[PDB]
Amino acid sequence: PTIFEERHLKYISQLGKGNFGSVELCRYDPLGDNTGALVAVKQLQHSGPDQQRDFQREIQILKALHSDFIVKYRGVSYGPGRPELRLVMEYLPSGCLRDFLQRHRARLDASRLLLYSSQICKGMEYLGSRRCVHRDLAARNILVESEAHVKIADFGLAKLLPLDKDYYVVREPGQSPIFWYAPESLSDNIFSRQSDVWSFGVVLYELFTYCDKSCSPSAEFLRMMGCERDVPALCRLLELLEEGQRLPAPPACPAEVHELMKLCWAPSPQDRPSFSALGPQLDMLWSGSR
């Protein structure tokens, strides 16, 4: 079904919380019988004729998206006596990539990481064809369908590109540390398919570091910009980036992987590679690891 009756959505537990709004695990159980399917339901804690307009669009977007590497949309639920709208998506028990990479830091080898990279690239190439920008690409936003299959989640920050432009100016930031975004995003609030690419490079980094805290983007960068005094991090970060400073090669990270990484971090958005050009490059490296 596409429209879920509010009263048949049995709350199970909390899946996650955001700066605003949240996602919880429920089970659609009209009988109470417990044979209803479990789903992932996001809802806003701040309903007003403004952020709802954003949520409305978010729902339409995910609904229009048809990719194996993008969290699947199930329906909506015009909630409890309304303006209490709720987004219903599939539920992926294995959780998000972030924790997965930590729980399985062992079993996971380069080819597998490349596989996830490849699949993420794919779901990203597709989004681009839909004139859409994710804005918040990160390992914490990637979910696991199965051992060899991941998907992109959280489209709460996504933006549809106006027909006449290849970029969007959004004052609202993403939810990850400033070290995940493109310079133009940080200095001029400009996001685009090319900015998604940059953040994709950070994801790559996260994968090959297995989302370790010691060598995470923040950790490496903070211990790299430690300088000036009392200078906002944002300002000192941009400065580092302008000087050619980029994240290092994660320990035991194949050389080639780090080179693609650096490519994604081209100061100029037009110098970064496209997802369609990245995909086959990764597929090579994957088939190169056997």
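We number the residues from 1 along the sequence you see.
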**Request:** Using only the Cα atoms and their B-factors as the entry lists them, report which of 146 to 154 and 73 to 81 averages higher.
**Result:** 73 to 81
**Prompt:** Looking at the entry, does 223 to 231 or 27 to 35 show the higher mean C-alpha B-factor?
**Reply:** 223 to 231
**Message:** Out of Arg86, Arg135, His104, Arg130, whose C-alpha atom has the biggest B factor in the entry?
**Reply:** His104
**Prompt:** So among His258, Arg53, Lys63, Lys42, who wins on Cα B-factor in the entry?
**Reply:** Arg53
**Message:** Quick check on the deposited entry: does the C-alpha B-factor of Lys213 sit in the lowest, middle or highest third of its chain?
**Reply:** highest
**Asked** Once the chain's modelled residues are ordered by C-alpha B factor and cut into thirds, is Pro280 in the lowest, middle or highest one?
**Response** middle
**Item:** CA B-factor ranking of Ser274, expressed as a third of its chain
**Value:** lowest
**Complete:** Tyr205: CA B-factor among chain residues, third -> middle
**Asked** So where's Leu247 on the chain's Cα temperature factor ranking, which third?
**Response** middle
